[PDB]
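*Asks:* need coordinates for the below:
(2 chains)
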Amino acid sequence: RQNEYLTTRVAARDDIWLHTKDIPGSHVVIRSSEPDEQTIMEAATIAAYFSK
RNA sequence: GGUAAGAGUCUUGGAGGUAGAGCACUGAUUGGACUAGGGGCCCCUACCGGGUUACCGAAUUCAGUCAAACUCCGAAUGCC
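*Replies:* Numbering: from 1, shown residues only, chains lettered A, B, ... in the order given. Sure, the structure comes next:
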């Protein structure tokens, strides 16, 4: 219920959206125009921590 | 006591909105064009807008209804 609202209302364009491959997990979005490689790594670790 | 006014009928002139009719007002309404505005869905909304709505209906309009506290009208009888 938070995820559909976050994906369709909150985040604008060119926001990197992250999810675990073929495993259910939290939906993680970075609200910046350009994501730094370190930012992508950190958000991927957060998405992996909040996963199965 | 006044006295012959009283009453009925023919003729004439009036006031007063009932029966009936009608939307010319006040409401309630049914259908079609007309669509102010609101409803989902795609481009997009971090937000302005666009499309389709076999989607509702405040306006307005062609029609169709209704009304003791609606009347543009309007009797028969009663009344003076």
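
*Asks:* and for whatever residue of chain A ends up closest to RNA strand B, the neighbour number?
*Replies:* Nearest residue of chain A to RNA strand B (C-beta to the nearest atom of the strand) works out as residue A:12 at 3.9 Å. Where you see a C-beta, it was placed from the backbone N, CA and C, and this is true even at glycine. Using other C-beta atoms under 10 Å as the criterion, residue A:12 is surrounded by 8 other residues.

*Asks:* and for residue A:13?
*Replies:* 5.

*Asks:* would you mind giving the secondary structure of it?
*Replies:* At residue A:13 the chain is in coil, as set by DSSP: H, G, I helix; E, B strand; the rest coil.

*Asks:* kindly report the residues of chain A close to RNA strand B.
*Replies:* Residues of chain A lying close to RNA strand B (C-beta under 7 Å from any atom of the strand) are A:8, A:9, A:10, A:12, A:13.

*Asks:* who's in contact with the first one?
*Replies:* It refers to residue A:8. For residue A:8, no contacting residues are found, by C-beta atoms under 8 Å, 6 or more residues apart in numbering.
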